[PDB]
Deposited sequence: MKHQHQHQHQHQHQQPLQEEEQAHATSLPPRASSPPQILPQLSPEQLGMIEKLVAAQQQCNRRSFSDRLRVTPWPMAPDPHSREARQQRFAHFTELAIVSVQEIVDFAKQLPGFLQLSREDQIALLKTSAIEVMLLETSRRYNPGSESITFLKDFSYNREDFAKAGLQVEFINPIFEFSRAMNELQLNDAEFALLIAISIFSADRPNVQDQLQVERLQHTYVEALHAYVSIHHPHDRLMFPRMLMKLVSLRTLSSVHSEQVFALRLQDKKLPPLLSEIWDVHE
């Protein structure tokens, strides 16, 4: 698969599209600084999506359906992007690094933390660059199988243009390793499991005395 002018420019645009408080009252403040980073991330993901070709042409309702369920997956991709295999930690916003223990003290439970760190380690072995990251994020956003998506067909057709662009990219990036393109997609499989381990997480917070802030509650709390 040769990369086309049209794919070149699309990829370049995505990469360019990607370019808060202190750190048992200490406990509820630590949680708060962490949820604040997520809130920031949601804003970034919206801004990013708005730039994705095809996205704003979908009905607003469909844009909500897509972001609602992809946000955590994009957050997890962004987590694995800033993983350091030396210190087994996550470097959010230049300065503040976070290990499994820091995550625990930030209010998250072990049964979420370990899968987050396993995924990040496995993802770091692939050594993805920005172009690969942006595309995976885009593919994740445009999944036609999210709950309440109306124009599945359009969402799917859109996803495949990003899937193709990835294929052709990885062909220039890894011309001798034809497995790299499928290995990257196989991470979206793992990403779905992580997405529901995050559901078990959200539900467990309900059971303790820990309320998600407004935006996060809006995307993640099930309200009935």
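**Student:** What portions of the deposited sequence, indexed from 1, have no corresponding C-alpha atom in the structure?
**Tutor:** Since the structure holds only modelled residues, the stretches it omits are 1 to 39, 59 to 70, 75 to 82.
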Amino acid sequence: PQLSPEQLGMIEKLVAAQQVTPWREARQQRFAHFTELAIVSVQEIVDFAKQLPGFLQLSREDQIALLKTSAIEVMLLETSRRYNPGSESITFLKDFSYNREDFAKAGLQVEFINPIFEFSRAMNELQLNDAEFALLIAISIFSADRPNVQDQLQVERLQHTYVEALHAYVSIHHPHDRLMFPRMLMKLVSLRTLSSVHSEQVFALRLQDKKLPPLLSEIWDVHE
From here on, numbers count along this sequence of modelled residues.
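So that the term is clear: the rigid core is the largest set of C-alpha atoms that superpose within 1.5 Å between two forms.
**Student:** Between 177 to 185 and 25 to 33, where do the CA atoms move more in 5 other deposited structures of this protein, taking the root mean square over the structures and residues after a core fit?
**Tutor:** Larger mean C-alpha displacement, comparing 177 to 185 and 25 to 33 in 5 other deposited structures of this protein, is found in 25 to 33.
**Student:** Using the rigid core for superposition, please say which stretch has the greater CA deviation in 5 other deposited structures of this protein, 92 to 100 or 150 to 158.
**Tutor:** It is 92 to 100 that deviates more in 5 other deposited structures of this protein.
**Student:** Per the record, averaged over C-alpha atoms, which has the higher B-factor: 24 to 32 or 63 to 71?
**Tutor:** Higher mean C-alpha B-factor in the PDB entry: 24 to 32.
**Student:** Which is higher on mean Cα B factor in this entry, 86 to 94 or 121 to 129?
**Tutor:** Comparing 121 to 129 with 86 to 94, the higher average CA B-factor belongs to 86 to 94.
**Student:** Of the options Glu78, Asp151, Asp145, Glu101, which has the highest CA B factor as deposited?
**Tutor:** That would be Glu101, according to the entry.
**Student:** Give the position of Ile116 by CA B-factor within its chain, expressed as the lowest, middle or highest third.
**Tutor:** As the PDB entry reports it, the C-alpha B-factor of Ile116 lands in the middle third of its chain.
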